[PDB]
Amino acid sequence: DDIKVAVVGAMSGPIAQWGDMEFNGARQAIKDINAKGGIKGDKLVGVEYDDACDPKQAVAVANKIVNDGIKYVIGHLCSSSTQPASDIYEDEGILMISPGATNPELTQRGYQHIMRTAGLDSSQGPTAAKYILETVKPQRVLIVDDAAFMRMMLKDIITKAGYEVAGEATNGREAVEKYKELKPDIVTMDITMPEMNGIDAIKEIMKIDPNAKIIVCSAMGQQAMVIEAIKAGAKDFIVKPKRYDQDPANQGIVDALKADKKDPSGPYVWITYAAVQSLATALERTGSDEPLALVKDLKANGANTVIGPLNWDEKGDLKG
């Protein structure tokens, strides 16, 4: 009667600090769901795997999950690990909901067992630090952000991982002055506040260097400005999500994570929690064990989660 659910992420390697978030949220969601009666009396059982956000290790984990007979997978955490694993899950008829894969090719191959609770509106994750360690090689970074605490947080993460902080800028004017003086290999630029004038700063940098690598960070609702940044020459964009830990409806989970001395501010805590809730919603609403029926139910009816009401299109991507 037990319902085994695989949870796959990075328990080791460079992406480990965000994998800790994923497993913390997944564990708490399974605990909370079982304390509410599980799935009509049936107990959810989490089976945790470590792919180290490595493509080869992720394929071994996917084969291990297939040999275990597990039908539902929450994962993986990184795009380059979730993509080859999703081929195996789709071939074996295994449901897979990823809380971290944001590559576009994941949901553009007609796969009917693949979903995700991340990457809304082509966003490349909630944090720029993880995107940097996962996508780009160690090089000289120019951090452009008005908030000084956001710069020190990003600086500490990439410096420990072998990256170099060439300089820091607080507004769009200084960002151009710093790009002239330092000529960095990559630029991260938060364009949330209007005083930054990020779009104008991108164009001014593009005039100096047409091959500039600029990664922009934005907030919810700034979709139109994000397209202008990419049109101006930006390579990719990060959308900072709403602080779900500050939602008063989520206070009980915040309290539960704090009692375990776990940081509840991480976005992957709630994105992974939402993925578990979505699977539990489909299992309870349909009363079916078939992954295809569960995915079809979620695409038709959605689910209420700790990150808000979720809905998916026919390809498995979030909509709204």
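In case it trips you up, residue 1 is the first one in the sequence shown, and so on.
Set 92-100 against 163-171 and average the Cα temperature factors; 163-171 ends up higher.
Mean CA B-factor, 124-132 versus 72-80: the higher value falls on 124-132.
Ranked against the other modelled residues of its chain, the C-alpha B-factor of residue 4 as given in the entry falls in the lowest third. Residue 67: CA B factor lies in the lowest third for its chain, per the PDB record. In this PDB entry, residue 107 carries a Cα temperature factor that places it within the middle third of its chain's modelled residues. Per the PDB record, residue ranking by Cα B-factor puts residue 179 in the highest third of the chain. The entry lists a Cα temperature factor for residue 42 that places it in the middle third of the chain's modelled residues.
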